[PDB]
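Residues per chain are reported as follows:
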Amino acid sequence: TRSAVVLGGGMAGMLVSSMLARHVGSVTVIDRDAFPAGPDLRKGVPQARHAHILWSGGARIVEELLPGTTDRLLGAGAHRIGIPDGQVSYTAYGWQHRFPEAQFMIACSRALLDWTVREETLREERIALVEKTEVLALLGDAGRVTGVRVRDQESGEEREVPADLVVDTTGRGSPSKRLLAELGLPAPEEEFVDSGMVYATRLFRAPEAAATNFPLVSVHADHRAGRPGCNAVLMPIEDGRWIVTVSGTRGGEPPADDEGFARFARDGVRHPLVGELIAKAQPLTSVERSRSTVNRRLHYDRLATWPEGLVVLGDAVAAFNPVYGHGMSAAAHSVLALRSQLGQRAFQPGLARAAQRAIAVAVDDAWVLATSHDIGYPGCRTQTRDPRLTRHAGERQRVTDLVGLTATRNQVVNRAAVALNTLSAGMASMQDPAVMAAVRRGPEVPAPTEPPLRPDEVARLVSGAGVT
Ligand SMILES: Cc1cc2nc3c(=O)[nH]c(=O)nc-3n(C[C@H](O)[C@H](O)[C@H](O)COP(=O)(O)OP(=O)(O)OC[C@H]3O[C@@H](n4cnc5c(N)ncnc54)[C@H](O)[C@@H]3O)c2cc1C
Ligand SMILES: [Cl-]
């Protein structure tokens, strides 16, 4: 009994659908895109052209909702990369010492991740994916949503899809503001922090011996410097490839051409390591760019009126500058927040509002982490009432940098920093007396003076051909 309609069948839509089918009799997923039968790019998820990191915090939730998915990804060529043992990272504060594993991430093409999650989700016969379908309107009124009116793209026929619960997971281009406007509801407060970040990506075939057991490599901006922030990330993915994504804020955006890409990876960022490694590899694709990098949040949970049976989650409610890599994990946390309110409240009145408030809490750490680091770049454009961003940003950055600095050279501080940065723990965890204690104890290793690559890692950058 009871039925749910999910708008958007991307990451949040698939995750929330898998959860919902354990609580309602049927789930219908409505998407305007066409869906490939295999792990291919598609127009509805254009960000899949760029490096995607699935931090442990999100990965564990994906596993809970769709168990066996992590192993299926690894079996398809995804990499499990330990953090910080599997990363060579020139942070704002210097090189990260590669301490033993504290957290992890899963590294693969977003196309493969999306295909795997969708295939696992649709194993549940009571979830149906309705492709090539437009979302026209929410049915019902401002007091209660009762479904959606859709248009079939092939036939042009419009029809009404009844639902006890509608979940908007249509992503960064969600039309929910319009949909809610047509209901008569007031417009939500919108908050944004826009650093002008632009991403540029190329795929490379790695040297054959480095197709496995190769680290994540990153060169980060120094957000404390009053200069445009530029970054470079090299990430292993399936089938012996490296995805390389460079980025820059206003005044340091990467160029669009193949040659400028390589020079940006060498000279536009603070250390040339990513430039040096891609020179060992074979380029497979030309530069793809994205500017879908604004931190944008819609405070739907604070609206004066909220209709029963409507919930918005994923990028549709809060989307981030992706250099921090939180979007998919934040959506996963938001799904568990809805599940928690469903378990407590079932379908009583109050459910949708309670879930919307719970979702706002679930994305808040990801929101604070991304905006607090973006707000310092030259030229940043903002619209906010958040005192964390307007006033208390000065000391929040003073304590962030003490922890960030000490995390590069102290195993206990690093463990706590990466627990938070992978969304495996909340921000209160940093106020644990033991963590503040380790911070005060400071570095236990020297600061590396060169990239902390292993000899065996660099040895696999050449074939050894040409030698008798
Ligand atoms: C360049 C870039 C890099 C990123 N890197 C990372 C990273 O490293 N780690 C990470 O965790 N996140 C990353 N992200 C964020 C991540 O892509 C998103 O957070 C994630 O896709 C959110 O899922 P979603 O389901 O809300 O949206 P999406 O996955 O985009 O899915 C939206 C779905 O809704 C459909 N749709 C859209 N509009 C409509 C409509 N009007 N009607 C019907 N259907 C509609 C689309 O076709 C699609 O199927 C990155 C994003 C970008 C842009
Ligand atoms: Cl994009």
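Residues numbered from 1 in each chain as written, not as in the entry; some residues may be left out. Chains lettered and ligands numbered in written order. Heavy atoms only, no water. Residues with missing side-chain atoms left out of burial classes, pairs and counts.

I'd love a proper account of the domain arrangement of the chain, names of residues and values included.
Partitioning the chain into domains gives domain 1 (3-44 + 111-188 + 293-369) and domain 2 (83-102 + 198-290 + 391-463). Put simply, the middle of domain 1 and the middle of domain 2, counted by C-alpha atoms, are 32 Å apart. Tallying the contact residues gives 13 residues for domain 1 and 11 residues for domain 2. When domain 1 packs against domain 2, close to 950 Å² is buried across both sides, 66% of that on carbon and sulfur atoms. Where domain 1 touches domain 2, the interface holds zero salt bridges. Between the two partners, domain 1 and domain 2, sit four residue pairs in polar contact. Counting residues per element, the side of domain 1 that touches domain 2 draws most heavily on helix α10 (residues 364-374), at four residues. Taken together, the residues that form the side of domain 1 that touches domain 2 break down as seven nonpolar, five polar and one charged. (Domains from an automatic or database assignment. Contact = heavy atoms within 4.5 Å. Buried area = accessible area lost by both parts, 1.4 Å probe. Salt bridge = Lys/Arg side-chain N within 4 Å of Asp/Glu carboxyl O. Polar contact = N/O pair within 3.5 Å; in protein donor to acceptor, adjacent residues only side chain to side chain. Helix = DSSP H or I, 4+ residues; strand = E, 2+ residues; numbered from the N terminus. Nonpolar A, V, L, I, M, F, W, Y, C, P; charged D, E, K, R; others polar.)

Give me the lowdown on the site of ligand 1, citing residues and values where you can.
Taken together, the neighbourhood of ligand 1 is formed by 31 residues, with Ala12, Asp31, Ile53, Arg110 and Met328 sitting nearest. Taking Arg42, its side chain carries an N or O atom lying 2.9 Å from an oxygen atom of ligand 1. One of the backbone nitrogen or oxygen atoms of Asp315 is found 2.9 Å away from an oxygen atom of ligand 1. Mapped onto the shell around ligand 1, the elements with two or more residues apiece are α1 (11-20) and α8 (327-345). Class assignment of the residues belonging to the shell around ligand 1 gives a composition of eight nonpolar, 17 polar and six charged. (Near = heavy atom within 4 Å.)

So what's going on with unusual backbone geometry? Which residues, and what values?
Omega for the bond connecting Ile83 with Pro84 falls within 30 degrees of zero, at 0°, which places this linkage in the cis form. With respect to the helices and strands, the residue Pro84 is situated in the loop between β4 (79-83) and β5 (87-91). Here the phi dihedral of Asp239 falls at roughly 65°; this positive angle occurs in a residue that is not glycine. As for its placement among the helices and strands, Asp239 is situated in the loop between β16 (230-237) and β17 (241-248).

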